[PDB]
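Listing of data_16.pdb; format and content: PDB, C-alpha atoms and all ligand atoms.
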```
ATOM      1  CA  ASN A 833      86.176  66.861 111.196
ATOM      2  CA  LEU A 834      88.083  64.497 113.477
ATOM      3  CA  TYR A 835      90.926  66.859 114.462
ATOM      4  CA  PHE A 836      90.496  70.611 114.219
ATOM      5  CA  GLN A 837      93.233  72.829 112.811
ATOM      6  CA  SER A 838      95.959  74.004 115.182
ATOM      7  CA  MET A 839      95.375  77.351 116.916
ATOM      8  CA  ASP A 840      97.376  77.890 120.145
ATOM      9  CA  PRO A 841      94.669  79.493 122.308
ATOM     10  CA  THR A 842      96.983  79.767 125.357
ATOM     11  CA  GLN A 843      99.596  82.014 123.728
ATOM     12  CA  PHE A 844      97.549  85.196 124.223
ATOM     13  CA  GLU A 845      94.988  84.620 126.939
ATOM     14  CA  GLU A 846      92.498  87.450 127.132
ATOM     15  CA  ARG A 847      92.821  87.821 130.913
ATOM     16  CA  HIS A 848      96.467  88.869 130.448
ATOM     17  CA  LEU A 849      95.953  91.241 127.478
ATOM     18  CA  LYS A 850      95.748  94.714 129.033
ATOM     19  CA  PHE A 851      94.303  97.720 127.187
ATOM     20  CA  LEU A 852      96.636 100.667 126.641
ATOM     21  CA  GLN A 853      95.134 102.750 123.786
ATOM     22  CA  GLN A 854      92.707 102.951 120.848
ATOM     23  CA  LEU A 855      94.828 103.372 117.738
ATOM     24  CA  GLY A 856      92.206 103.804 115.080
ATOM     25  CA  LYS A 857      89.157 102.449 113.333
ATOM     26  CA  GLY A 858      90.121 101.335 109.836
ATOM     27  CA  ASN A 859      87.406  99.811 107.656
ATOM     28  CA  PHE A 860      85.246  97.329 109.609
ATOM     29  CA  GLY A 861      88.206  96.927 112.008
ATOM     30  CA  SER A 862      89.487  98.533 115.186
ATOM     31  CA  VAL A 863      93.067  98.397 116.480
ATOM     32  CA  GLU A 864      94.239  98.635 120.082
ATOM     33  CA  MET A 865      97.576  98.936 121.765
ATOM     34  CA  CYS A 866      97.786  96.364 124.584
ATOM     35  CA  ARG A 867     100.397  94.912 126.921
ATOM     36  CA  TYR A 868     100.649  91.153 127.317
ATOM     37  CA  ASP A 869     101.533  90.626 130.981
ATOM     38  CA  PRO A 870     101.162  86.921 131.787
ATOM     39  CA  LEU A 871     103.025  87.339 135.089
ATOM     40  CA  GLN A 872     100.504  89.972 136.274
ATOM     41  CA  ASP A 873     103.528  92.099 137.226
ATOM     42  CA  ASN A 874     102.822  95.196 135.078
ATOM     43  CA  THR A 875     105.452  94.207 132.491
ATOM     44  CA  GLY A 876     105.408  92.200 129.245
ATOM     45  CA  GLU A 877     105.524  92.960 125.539
ATOM     46  CA  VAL A 878     103.467  95.723 123.989
ATOM     47  CA  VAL A 879     101.356  94.413 121.117
ATOM     48  CA  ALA A 880      98.841  95.636 118.578
ATOM     49  CA  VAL A 881      95.449  93.946 118.630
ATOM     50  CA  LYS A 882      93.168  94.055 115.590
ATOM     51  CA  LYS A 883      89.460  93.443 116.216
ATOM     52  CA  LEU A 884      86.396  93.540 114.040
ATOM     53  CA  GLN A 885      83.944  96.454 114.079
ATOM     54  CA  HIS A 886      80.997  94.341 112.855
ATOM     55  CA  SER A 887      81.199  90.698 113.931
ATOM     56  CA  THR A 888      79.064  89.132 111.212
ATOM     57  CA  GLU A 889      79.713  85.555 110.140
ATOM     58  CA  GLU A 890      81.084  86.695 106.779
ATOM     59  CA  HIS A 891      83.480  89.165 108.402
ATOM     60  CA  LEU A 892      84.701  86.587 110.905
ATOM     61  CA  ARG A 893      85.365  84.158 108.044
ATOM     62  CA  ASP A 894      87.258  86.786 106.059
ATOM     63  CA  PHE A 895      89.189  87.769 109.198
ATOM     64  CA  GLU A 896      90.355  84.177 109.710
ATOM     65  CA  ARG A 897      91.669  84.182 106.123
ATOM     66  CA  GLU A 898      93.411  87.524 106.720
ATOM     67  CA  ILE A 899      95.022  86.123 109.863
ATOM     68  CA  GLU A 900      96.235  83.055 107.990
ATOM     69  CA  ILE A 901      97.715  85.327 105.309
ATOM     70  CA  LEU A 902      99.600  87.472 107.821
ATOM     71  CA  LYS A 903     100.824  84.463 109.818
ATOM     72  CA  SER A 904     102.305  83.079 106.586
ATOM     73  CA  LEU A 905     104.403  86.233 106.034
ATOM     74  CA  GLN A 906     107.804  86.856 107.614
ATOM     75  CA  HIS A 907     109.710  89.806 106.166
ATOM     76  CA  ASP A 908     111.430  92.916 107.481
ATOM     77  CA  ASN A 909     108.858  95.161 105.716
ATOM     78  CA  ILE A 910     105.688  93.290 106.753
ATOM     79  CA  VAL A 911     104.218  93.900 110.230
ATOM     80  CA  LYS A 912     105.064  90.941 112.437
ATOM     81  CA  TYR A 913     102.360  88.433 113.304
ATOM     82  CA  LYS A 914     102.478  87.233 116.916
ATOM     83  CA  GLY A 915      99.336  85.142 117.409
ATOM     84  CA  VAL A 916      95.596  85.169 118.025
ATOM     85  CA  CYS A 917      93.608  85.851 121.170
ATOM     86  CA  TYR A 918      90.426  83.776 121.349
ATOM     87  CA  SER A 919      88.618  86.127 123.678
ATOM     88  CA  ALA A 920      85.066  86.090 125.051
ATOM     89  CA  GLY A 921      85.856  82.661 126.459
ATOM     90  CA  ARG A 922      87.140  81.426 123.090
ATOM     91  CA  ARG A 923      84.038  82.654 121.246
ATOM     92  CA  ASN A 924      85.735  85.565 119.434
ATOM     93  CA  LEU A 925      88.930  86.191 117.488
ATOM     94  CA  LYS A 926      91.492  88.993 117.746
ATOM     95  CA  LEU A 927      94.752  89.309 115.802
ATOM     96  CA  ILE A 928      97.957  89.957 117.758
ATOM     97  CA  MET A 929     100.929  91.724 116.122
ATOM     98  CA  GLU A 930     104.007  93.601 117.133
ATOM     99  CA  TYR A 931     103.311  97.280 117.844
ATOM    100  CA  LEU A 932     104.851  99.860 115.506
ATOM    101  CA  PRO A 933     104.912 103.173 117.341
ATOM    102  CA  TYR A 934     104.725 105.896 114.680
ATOM    103  CA  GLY A 935     101.449 104.756 113.137
ATOM    104  CA  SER A 936     100.394 104.999 109.565
ATOM    105  CA  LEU A 937     102.715 106.416 106.954
ATOM    106  CA  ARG A 938      99.895 108.676 105.752
ATOM    107  CA  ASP A 939      99.646 110.365 109.146
ATOM    108  CA  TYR A 940     103.420 110.315 109.767
ATOM    109  CA  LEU A 941     104.019 112.247 106.540
ATOM    110  CA  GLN A 942     101.479 114.860 107.678
ATOM    111  CA  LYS A 943     102.474 115.047 111.355
ATOM    112  CA  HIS A 944     106.266 114.505 111.193
ATOM    113  CA  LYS A 945     107.458 116.531 108.222
ATOM    114  CA  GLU A 946     110.237 117.854 110.472
ATOM    115  CA  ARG A 947     112.008 114.502 110.077
ATOM    116  CA  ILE A 948     111.207 113.711 106.414
ATOM    117  CA  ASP A 949     113.334 114.502 103.352
ATOM    118  CA  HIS A 950     113.602 112.930  99.906
ATOM    119  CA  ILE A 951     116.227 110.432 101.106
ATOM    120  CA  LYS A 952     113.766 109.074 103.649
ATOM    121  CA  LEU A 953     110.977 109.004 101.042
ATOM    122  CA  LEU A 954     113.140 106.900  98.728
ATOM    123  CA  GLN A 955     114.075 104.581 101.602
ATOM    124  CA  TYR A 956     110.393 104.052 102.370
ATOM    125  CA  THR A 957     109.653 103.510  98.671
ATOM    126  CA  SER A 958     112.331 100.805  98.494
ATOM    127  CA  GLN A 959     111.072  99.096 101.652
ATOM    128  CA  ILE A 960     107.466  99.013 100.402
ATOM    129  CA  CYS A 961     108.659  97.541  97.108
ATOM    130  CA  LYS A 962     110.560  94.799  98.938
ATOM    131  CA  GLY A 963     107.551  93.911 101.090
ATOM    132  CA  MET A 964     105.535  93.655  97.880
ATOM    133  CA  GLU A 965     108.153  91.500  96.150
ATOM    134  CA  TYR A 966     107.749  89.151  99.083
ATOM    135  CA  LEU A 967     103.939  89.132  98.824
ATOM    136  CA  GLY A 968     104.229  88.153  95.184
ATOM    137  CA  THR A 969     106.273  85.080  96.078
ATOM    138  CA  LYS A 970     103.255  83.912  98.070
ATOM    139  CA  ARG A 971     100.912  84.749  95.168
ATOM    140  CA  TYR A 972      99.108  87.240  97.389
ATOM    141  CA  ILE A 973      97.482  90.337  95.876
ATOM    142  CA  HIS A 974      97.258  93.137  98.413
ATOM    143  CA  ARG A 975      94.527  95.156  96.635
ATOM    144  CA  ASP A 976      94.764  98.132  99.019
ATOM    145  CA  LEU A 977      98.295  99.458  98.770
ATOM    146  CA  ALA A 978      98.075 103.010 100.131
ATOM    147  CA  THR A 979     100.052 105.003 102.705
ATOM    148  CA  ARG A 980      97.167 104.590 105.166
ATOM    149  CA  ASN A 981      97.956 100.818 105.183
ATOM    150  CA  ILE A 982     101.691 101.182 105.755
ATOM    151  CA  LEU A 983     103.080 101.479 109.287
ATOM    152  CA  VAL A 984     106.105 103.430 110.511
ATOM    153  CA  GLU A 985     108.378 101.632 112.959
ATOM    154  CA  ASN A 986     110.953 104.435 113.193
ATOM    155  CA  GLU A 987     112.480 107.088 110.952
ATOM    156  CA  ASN A 988     114.405 104.373 109.051
ATOM    157  CA  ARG A 989     111.815 101.598 108.635
ATOM    158  CA  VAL A 990     108.275 101.125 107.330
ATOM    159  CA  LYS A 991     106.255  97.939 106.995
ATOM    160  CA  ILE A 992     103.070  97.025 105.159
ATOM    161  CA  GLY A 993     100.616  97.097 108.029
ATOM    162  CA  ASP A 994      97.179  95.866 107.005
ATOM    163  CA  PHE A 995      96.016  92.975 104.790
ATOM    164  CA  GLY A 996      92.231  93.298 105.063
ATOM    165  CA  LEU A 997      91.637  93.175 101.294
ATOM    166  CA  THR A 998      94.434  90.735 100.400
ATOM    167  CA  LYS A 999      93.510  87.765  98.198
ATOM    168  CA  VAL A1000      95.338  84.586  97.184
ATOM    169  CA  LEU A1001      95.682  84.034  93.441
ATOM    170  CA  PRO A1002      94.039  80.898  92.054
ATOM    171  CA  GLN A1003      96.529  78.174  91.204
ATOM    172  CA  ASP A1004      96.048  78.499  87.447
ATOM    173  CA  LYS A1005      95.495  82.256  86.999
ATOM    174  CA  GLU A1006      97.568  85.397  87.382
ATOM    175  CA  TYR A1007      94.626  87.502  88.501
ATOM    176  CA  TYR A1008      91.877  87.298  91.107
ATOM    177  CA  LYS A1009      88.404  88.358  90.009
ATOM    178  CA  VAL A1010      86.589  89.795  92.990
ATOM    179  CA  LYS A1011      82.930  88.753  92.786
ATOM    180  CA  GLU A1012      81.320  90.371  95.825
ATOM    181  CA  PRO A1013      83.185  93.654  96.328
ATOM    182  CA  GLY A1014      82.755  95.613  99.503
ATOM    183  CA  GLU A1015      83.896  99.197  99.723
ATOM    184  CA  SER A1016      86.571  99.854  97.118
ATOM    185  CA  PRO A1017      89.494 102.335  97.268
ATOM    186  CA  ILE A1018      88.740 103.464  93.739
ATOM    187  CA  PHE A1019      91.332 106.261  93.599
ATOM    188  CA  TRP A1020      94.122 103.698  93.978
ATOM    189  CA  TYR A1021      92.625 101.166  91.527
ATOM    190  CA  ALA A1022      94.089 100.179  88.185
ATOM    191  CA  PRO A1023      91.706 100.622  85.234
ATOM    192  CA  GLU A1024      91.161  96.886  84.804
ATOM    193  CA  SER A1025      90.270  96.620  88.479
ATOM    194  CA  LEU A1026      87.685  99.363  87.986
ATOM    195  CA  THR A1027      86.266  97.901  84.773
ATOM    196  CA  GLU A1028      86.659  94.138  85.264
ATOM    197  CA  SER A1029      87.239  93.597  89.020
ATOM    198  CA  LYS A1030      90.572  91.967  88.093
ATOM    199  CA  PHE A1031      93.385  92.200  90.636
ATOM    200  CA  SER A1032      96.934  91.038  90.055
ATOM    201  CA  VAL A1033     100.514  91.808  90.973
ATOM    202  CA  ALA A1034     100.387  94.347  88.149
ATOM    203  CA  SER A1035      97.375  96.117  89.683
ATOM    204  CA  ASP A1036      99.300  96.261  92.956
ATOM    205  CA  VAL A1037     102.104  97.956  90.961
ATOM    206  CA  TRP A1038      99.583 100.520  89.683
ATOM    207  CA  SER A1039      98.564 101.235  93.283
ATOM    208  CA  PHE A1040     102.198 101.449  94.325
ATOM    209  CA  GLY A1041     102.514 104.258  91.787
ATOM    210  CA  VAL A1042      99.772 106.056  93.740
ATOM    211  CA  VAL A1043     101.689 105.371  96.997
ATOM    212  CA  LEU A1044     104.784 106.966  95.460
ATOM    213  CA  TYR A1045     102.682 109.991  94.494
ATOM    214  CA  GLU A1046     101.354 110.159  98.061
ATOM    215  CA  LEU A1047     104.872 110.158  99.489
ATOM    216  CA  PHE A1048     106.002 113.080  97.355
ATOM    217  CA  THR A1049     102.854 115.143  97.852
ATOM    218  CA  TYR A1050     103.798 114.985 101.599
ATOM    219  CA  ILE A1051     100.081 114.421 102.098
ATOM    220  CA  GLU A1052      99.650 118.119 101.396
ATOM    221  CA  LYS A1053      96.113 119.410 101.794
ATOM    222  CA  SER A1054      94.192 119.321  98.487
ATOM    223  CA  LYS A1055      96.934 117.054  97.080
ATOM    224  CA  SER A1056      95.614 113.601  98.079
ATOM    225  CA  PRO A1057      94.634 111.259  95.244
ATOM    226  CA  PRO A1058      90.898 111.636  96.009
ATOM    227  CA  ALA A1059      91.133 115.426  96.098
ATOM    228  CA  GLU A1060      93.178 115.678  92.905
ATOM    229  CA  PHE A1061      91.062 113.181  90.966
ATOM    230  CA  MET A1062      87.880 114.973  92.097
ATOM    231  CA  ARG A1063      89.353 118.303  90.974
ATOM    232  CA  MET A1064      90.091 116.766  87.570
ATOM    233  CA  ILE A1065      86.669 115.104  87.227
ATOM    234  CA  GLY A1066      84.595 117.905  88.750
ATOM    235  CA  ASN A1067      84.156 118.476  92.479
ATOM    236  CA  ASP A1068      80.352 118.518  92.322
ATOM    237  CA  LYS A1069      80.034 114.995  90.886
ATOM    238  CA  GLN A1070      78.448 112.389  93.131
ATOM    239  CA  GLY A1071      77.797 108.679  93.217
ATOM    240  CA  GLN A1072      78.463 106.509  90.221
ATOM    241  CA  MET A1073      79.143 109.501  88.003
ATOM    242  CA  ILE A1074      82.446 109.771  89.866
ATOM    243  CA  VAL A1075      83.380 106.236  88.840
ATOM    244  CA  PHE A1076      82.264 106.714  85.239
ATOM    245  CA  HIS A1077      84.433 109.814  84.866
ATOM    246  CA  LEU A1078      87.379 108.267  86.708
ATOM    247  CA  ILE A1079      87.359 105.296  84.351
ATOM    248  CA  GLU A1080      87.034 107.453  81.238
ATOM    249  CA  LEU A1081      89.812 109.759  82.492
ATOM    250  CA  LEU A1082      92.226 106.910  83.211
ATOM    251  CA  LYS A1083      91.506 104.978  80.033
ATOM    252  CA  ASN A1084      92.523 108.041  78.009
ATOM    253  CA  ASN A1085      95.725 108.841  79.904
ATOM    254  CA  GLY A1086      94.498 111.237  82.578
ATOM    255  CA  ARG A1087      96.872 111.066  85.530
ATOM    256  CA  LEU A1088      97.690 112.648  88.823
ATOM    257  CA  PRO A1089     100.166 115.524  88.334
ATOM    258  CA  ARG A1090     103.814 115.617  89.292
ATOM    259  CA  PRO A1091     103.920 116.758  92.936
ATOM    260  CA  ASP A1092     105.691 120.030  93.603
ATOM    261  CA  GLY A1093     109.358 119.336  94.243
ATOM    262  CA  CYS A1094     109.152 115.817  92.885
ATOM    263  CA  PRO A1095     112.147 114.919  90.684
ATOM    264  CA  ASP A1096     111.304 114.120  87.063
ATOM    265  CA  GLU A1097     112.876 110.689  87.436
ATOM    266  CA  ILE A1098     110.599 109.806  90.352
ATOM    267  CA  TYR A1099     107.526 111.019  88.458
ATOM    268  CA  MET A1100     108.668 108.844  85.554
ATOM    269  CA  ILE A1101     108.506 105.829  87.874
ATOM    270  CA  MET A1102     104.954 106.799  88.827
ATOM    271  CA  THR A1103     103.910 107.106  85.209
ATOM    272  CA  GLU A1104     105.424 103.742  84.260
ATOM    273  CA  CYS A1105     103.505 102.078  87.079
ATOM    274  CA  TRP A1106     100.371 103.802  85.710
ATOM    275  CA  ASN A1107     100.398 101.997  82.383
ATOM    276  CA  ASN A1108      97.027 100.931  81.051
ATOM    277  CA  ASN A1109      98.867  97.992  79.434
ATOM    278  CA  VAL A1110      99.052  95.582  82.386
ATOM    279  CA  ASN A1111     102.015  93.576  81.050
ATOM    280  CA  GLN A1112     104.132  96.695  80.472
ATOM    281  CA  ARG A1113     104.079  97.762  84.116
ATOM    282  CA  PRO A1114     107.428  97.194  85.856
ATOM    283  CA  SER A1115     107.780  94.445  88.429
ATOM    284  CA  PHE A1116     108.357  95.199  92.106
ATOM    285  CA  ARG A1117     111.832  93.711  91.632
ATOM    286  CA  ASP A1118     112.517  96.201  88.808
ATOM    287  CA  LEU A1119     111.268  99.041  91.016
ATOM    288  CA  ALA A1120     113.259  98.067  94.105
ATOM    289  CA  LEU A1121     116.441  97.868  92.041
ATOM    290  CA  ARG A1122     115.795 101.155  90.246
ATOM    291  CA  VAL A1123     114.977 103.026  93.469
ATOM    292  CA  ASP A1124     117.991 101.593  95.273
ATOM    293  CA  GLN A1125     120.230 102.479  92.322
ATOM    294  CA  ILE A1126     118.921 106.060  92.428
ATOM    295  CA  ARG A1127     119.680 106.175  96.166
ATOM    296  CA  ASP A1128     123.098 104.597  95.777
ATOM    297  CA  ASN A1129     124.075 106.870  92.886
ATOM    298  CA  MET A1130     123.723 109.966  95.065
ATOM    299  CA  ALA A1131     126.982 111.453  96.329
ATOM    300  CA  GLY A1132     128.285 109.726  99.471
TER     301      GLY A1132
HETATM  302  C1  LIG B   1      94.584 101.631 112.808
HETATM  303  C2  LIG B   1      96.075 101.531 113.085
HETATM  304  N1  LIG B   1      96.591 102.777 113.635
HETATM  305  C3  LIG B   1      97.755 102.901 114.314
HETATM  306  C4  LIG B   1      98.167 104.114 114.872
HETATM  307  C5  LIG B   1      99.376 104.187 115.605
HETATM  308  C6  LIG B   1      99.877 105.466 116.122
HETATM  309  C7  LIG B   1      99.280 106.773 116.022
HETATM  310  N2  LIG B   1     100.080 107.711 116.557
HETATM  311  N3  LIG B   1     101.194 107.096 116.988
HETATM  312  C8  LIG B   1     102.433 107.827 117.691
HETATM  313  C9  LIG B   1     101.115 105.731 116.738
HETATM  314  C10 LIG B   1     100.141 103.001 115.686
HETATM  315  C11 LIG B   1      99.679 101.818 115.125
HETATM  316  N4  LIG B   1     100.461 100.693 115.253
HETATM  317  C12 LIG B   1     100.244  99.424 114.809
HETATM  318  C13 LIG B   1      99.003  98.949 114.250
HETATM  319  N5  LIG B   1      98.863  97.687 113.822
HETATM  320  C14 LIG B   1      99.912  96.843 113.956
HETATM  321  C15 LIG B   1     101.121  97.321 114.481
HETATM  322  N6  LIG B   1     101.269  98.568 114.902
HETATM  323  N7  LIG B   1      98.517 101.773 114.449
HETATM  324  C16 LIG B   1      96.832 101.117 111.761
HETATM  325  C17 LIG B   1      97.305 102.088 110.838
HETATM  326  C18 LIG B   1      97.939 101.725 109.648
HETATM  327  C19 LIG B   1      98.108 100.346 109.328
HETATM  328  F1  LIG B   1      98.712  99.961 108.235
HETATM  329  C20 LIG B   1      97.652  99.384 110.253
HETATM  330  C21 LIG B   1      97.036  99.773 111.422
END
```

Starting from the file, lay out its structure as structure tokens.
Ligand SMILES: C[C@H](Nc1cc(-c2cnn(C)c2)cc(Nc2cnccn2)n1)c1ccc(F)cc1
Amino acid sequence: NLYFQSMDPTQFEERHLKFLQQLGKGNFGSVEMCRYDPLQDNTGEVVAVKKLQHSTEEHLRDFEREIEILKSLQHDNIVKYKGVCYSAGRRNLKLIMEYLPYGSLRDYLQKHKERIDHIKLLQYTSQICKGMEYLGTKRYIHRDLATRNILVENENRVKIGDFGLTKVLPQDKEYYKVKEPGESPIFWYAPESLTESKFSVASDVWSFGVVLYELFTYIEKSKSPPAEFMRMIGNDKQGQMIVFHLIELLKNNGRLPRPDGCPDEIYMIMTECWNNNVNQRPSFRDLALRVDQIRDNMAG
């Protein structure tokens, strides 16, 4: 009560944060490109600014937690936190980050195939794994690992880009049980997340297996995880029937197919991530080493 937590409300003053572009509407969030020009000279750093879409009390509280999570992370493959802008005369909150100029990995794969080959896909795979190793050291569970939530800095570097669903493990448990779910990315969820709302490092590994699938499908039309799972379950199914069939399919070893052109060894990594036995999934450290060994064992 007596002394409120630190903040730094002068680092990004709203009057000096200049709009450049709308980047996208995620899920209950909106991201802008802005320039922070404290000298009012038309210069300054370009930044990304994440804002809420629906400013309810619950969302503002969750957003503060998300900001604290991102501020606690410093790693080459995690988007860089810069600060907060307490706009509307210090009656609102906006998250300030570095700006990564190629956008989401999902869109980059679809729009920039001219500059993507398997070597790059393996580099991105390795980088995502390393970002996730780092999250695990903080006991953070991402819960939404998907190419749409990874950002592309340049042809040689990706970073995990959004943390809107990330949770902190309890001190005494190796999973977080989510007890008020919002919208759920079911086609990236491990079976125990679908059936028990349990999220862990191991369920992030399951989702990483879906990310790896995404990379090698080159986000081809009809090849996305939702499209392929719906083809397998039945395209006409709606509502909860989708979830019932997805669970039954996964529990009995139904899986996304090997993408066209995907090496057998890379599909093997996918299938090992997609183990119904949580403890038998590889760690992110195992995966980073294996991927980097594959890369390093190539000629040259
Ligand atoms: C919604 C936002 N969309 C978006 C689009 C583009 C873009 C499009 N086209 N081009 C040439 C660039 C750039 C950025 N950059 C950012 C965003 N947040 C922080 C740092 N950088 N974000 C986003 C996407 C994925 C993700 F994981 C986090 C945010």

Hey, what comes out of the PyMOL selection byres (((not hetatm)) within 6 of (chain B and resi 1)) on this file? Could you write it as a list in words?
->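 With the shown file as input, the PyMOL selection byres (((not hetatm)) within 6 of (chain B and resi 1)) matches residues 855, 856, 857, 858, 863, 880, 929, 930, 931, 932, 933, 934, 935, 936, 980, 981, 982, 983, 993 and 994 of chain A.
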
Of the candidates A:1039, A:1032, A:1049, A:1054, which shows the shortest atom-to-atom distance to residue 977 of chain A, using only C-alpha atoms?
->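 Nearest candidate to residue 977 of chain A out of A:1039, A:1032, A:1049, A:1054: A:1039.
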
Would you kindly translate the PyMOL selection byres (((chain A and resi 1009) around 6) and not hetatm) into the concrete residues it picks from this file, as a compact mmCIF listing (two decimals) with C-alpha atoms, keeping the file's coordinate frame?
```
# COMPACT_ATOMS: atom_id res chain seq x y z
CA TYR A 1008 91.88 87.30 91.11
CA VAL A 1010 86.59 89.80 92.99
CA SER A 1029 87.24 93.60 89.02
CA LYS A 1030 90.57 91.97 88.09
```

Find the spatial neighbours of segment 1082-1084 of chain A, counting all atoms listed in the file, within a cut-off of 9 Å - ignore same-chain residues fewer than 4 positions away - and output them as number ranges by chain.
-> A: 1022-1023, 1077-1078, 1108

Pick the closest to residue 989 of chain A from A:947, A:1087, A:1063, A:952: which is it, counting all atoms listed in the file?
->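 Using all atoms listed in the file, residue 989 of chain A sits closest to A:952.
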
Answer key for the PyMOL selection byres (((chain A and resi 942) around 12) and not hetatm), residues as a list in words =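 Taken on the displayed file, the PyMOL selection byres (((chain A and resi 942) around 12) and not hetatm) yields the residues residues 934, 935, 936, 937, 938, 939, 940, 941, 943, 944, 945, 946, 947, 948, 979, 980, 1046, 1047, 1048, 1049, 1050, 1051, 1052, 1053, 1055 and 1056 of chain A.
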
With C-alpha atoms retained, could you export that selection as a PDB file, keeping the file's coordinate frame?
```pdb
ATOM      1  CA  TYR A 934     104.725 105.896 114.680  1.00  0.00           C
ATOM      2  CA  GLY A 935     101.449 104.756 113.137  1.00  0.00           C
ATOM      3  CA  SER A 936     100.394 104.999 109.565  1.00  0.00           C
ATOM      4  CA  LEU A 937     102.715 106.416 106.954  1.00  0.00           C
ATOM      5  CA  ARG A 938      99.895 108.676 105.752  1.00  0.00           C
ATOM      6  CA  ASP A 939      99.646 110.365 109.146  1.00  0.00           C
ATOM      7  CA  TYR A 940     103.420 110.315 109.767  1.00  0.00           C
ATOM      8  CA  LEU A 941     104.019 112.247 106.540  1.00  0.00           C
ATOM      9  CA  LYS A 943     102.474 115.047 111.355  1.00  0.00           C
ATOM     10  CA  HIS A 944     106.266 114.505 111.193  1.00  0.00           C
ATOM     11  CA  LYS A 945     107.458 116.531 108.222  1.00  0.00           C
ATOM     12  CA  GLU A 946     110.237 117.854 110.472  1.00  0.00           C
ATOM     13  CA  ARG A 947     112.008 114.502 110.077  1.00  0.00           C
ATOM     14  CA  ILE A 948     111.207 113.711 106.414  1.00  0.00           C
ATOM     15  CA  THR A 979     100.052 105.003 102.705  1.00  0.00           C
ATOM     16  CA  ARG A 980      97.167 104.590 105.166  1.00  0.00           C
ATOM     17  CA  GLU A1046     101.354 110.159  98.061  1.00  0.00           C
ATOM     18  CA  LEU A1047     104.872 110.158  99.489  1.00  0.00           C
ATOM     19  CA  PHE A1048     106.002 113.080  97.355  1.00  0.00           C
ATOM     20  CA  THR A1049     102.854 115.143  97.852  1.00  0.00           C
ATOM     21  CA  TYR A1050     103.798 114.985 101.599  1.00  0.00           C
ATOM     22  CA  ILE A1051     100.081 114.421 102.098  1.00  0.00           C
ATOM     23  CA  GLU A1052      99.650 118.119 101.396  1.00  0.00           C
ATOM     24  CA  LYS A1053      96.113 119.410 101.794  1.00  0.00           C
ATOM     25  CA  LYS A1055      96.934 117.054  97.080  1.00  0.00           C
ATOM     26  CA  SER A1056      95.614 113.601  98.079  1.00  0.00           C
TER      27      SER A1056
END
```

Selection near residue 1035 of chain A, 8 Å with all atoms listed in the file, sequence-local residues under 2 positions removed, as a ChimeraX atom specification = /A:975,1021-1022,1024-1025,1031-1033,1037-1039,1110

What does the file look like for those residues with C-alpha atoms, as a PDB file, in the frame of the given file?
```pdb
ATOM      1  CA  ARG A 975      94.527  95.156  96.635  1.00  0.00           C
ATOM      2  CA  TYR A1021      92.625 101.166  91.527  1.00  0.00           C
ATOM      3  CA  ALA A1022      94.089 100.179  88.185  1.00  0.00           C
ATOM      4  CA  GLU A1024      91.161  96.886  84.804  1.00  0.00           C
ATOM      5  CA  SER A1025      90.270  96.620  88.479  1.00  0.00           C
ATOM      6  CA  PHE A1031      93.385  92.200  90.636  1.00  0.00           C
ATOM      7  CA  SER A1032      96.934  91.038  90.055  1.00  0.00           C
ATOM      8  CA  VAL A1033     100.514  91.808  90.973  1.00  0.00           C
ATOM      9  CA  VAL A1037     102.104  97.956  90.961  1.00  0.00           C
ATOM     10  CA  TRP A1038      99.583 100.520  89.683  1.00  0.00           C
ATOM     11  CA  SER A1039      98.564 101.235  93.283  1.00  0.00           C
ATOM     12  CA  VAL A1110      99.052  95.582  82.386  1.00  0.00           C
TER      13      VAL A1110
END
```

Residues within 9 Å of segment 834-850 of chain A, only C-alpha atoms, excluding chain neighbours under 2 positions, as a PyMOL selection string | chain A and resi 852+865-872+879+915-922+928

Would you work out the distance separating atom CA of residue 1001 of chain A from atom CA of residue 1123 of chain A, expressed in Å to one decimal?
->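 Taking atom CA of residue 1001 of chain A as the start and atom CA of residue 1123 of chain A as the end point, the length is 27.1 Å.
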
Need to verify the contact set: residue 886 of chain A, 9 Å, all atoms listed in the file, exclusion of same-chain residues closer than 2 positions in sequence. Can you return it as a compact mmCIF listing (two decimals) with C-alpha atoms, in the frame of the given file?
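What ended up in result.txt:
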```txt
# COMPACT_ATOMS: atom_id res chain seq x y z
CA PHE A 860 85.25 97.33 109.61
CA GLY A 861 88.21 96.93 112.01
CA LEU A 884 86.40 93.54 114.04
CA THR A 888 79.06 89.13 111.21
CA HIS A 891 83.48 89.16 108.40
CA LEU A 892 84.70 86.59 110.90
```

What is the atom CA of residue 927 of chain A to atom CA of residue 881 of chain A distance in Å?
->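 These two atoms are separated by 5.5 Å.
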
Of the residues A:1045, A:1106, A:1007, A:1040, which is the one nearest to residue 1028 of chain A, using only C-alpha atoms?
->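 Looking at the shortest contact to residue 1028 of chain A, the residue is A:1007.
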
What are the closest atom pairs, with distances in Å to one decimal, for each residue of segment 961-1041 of chain A lying within 12 Å of segment 894-905 of chain A, using only C-alpha atoms, rows by chain and rising residue number, as a Markdown table?
```
| residue | atom | partner | partner_atom | distance |
| --- | --- | --- | --- | --- |
| A:963 | CA | A:905 | CA | 9.7 |
| A:964 | CA | A:905 | CA | 11.1 |
| A:965 | CA | A:905 | CA | 11.8 |
| A:966 | CA | A:905 | CA | 8.2 |
| A:967 | CA | A:905 | CA | 7.8 |
| A:968 | CA | A:905 | CA | 11.0 |
| A:969 | CA | A:905 | CA | 10.2 |
| A:970 | CA | A:905 | CA | 8.4 |
| A:971 | CA | A:901 | CA | 10.6 |
| A:972 | CA | A:901 | CA | 8.3 |
| A:973 | CA | A:901 | CA | 10.7 |
| A:974 | CA | A:901 | CA | 10.4 |
| A:991 | CA | A:905 | CA | 11.9 |
| A:992 | CA | A:902 | CA | 10.5 |
| A:993 | CA | A:902 | CA | 9.7 |
| A:994 | CA | A:902 | CA | 8.8 |
| A:995 | CA | A:898 | CA | 6.3 |
| A:996 | CA | A:898 | CA | 6.1 |
| A:997 | CA | A:898 | CA | 8.0 |
| A:998 | CA | A:898 | CA | 7.2 |
| A:999 | CA | A:898 | CA | 8.5 |
| A:1000 | CA | A:901 | CA | 8.5 |
| A:1014 | CA | A:894 | CA | 11.9 |
```
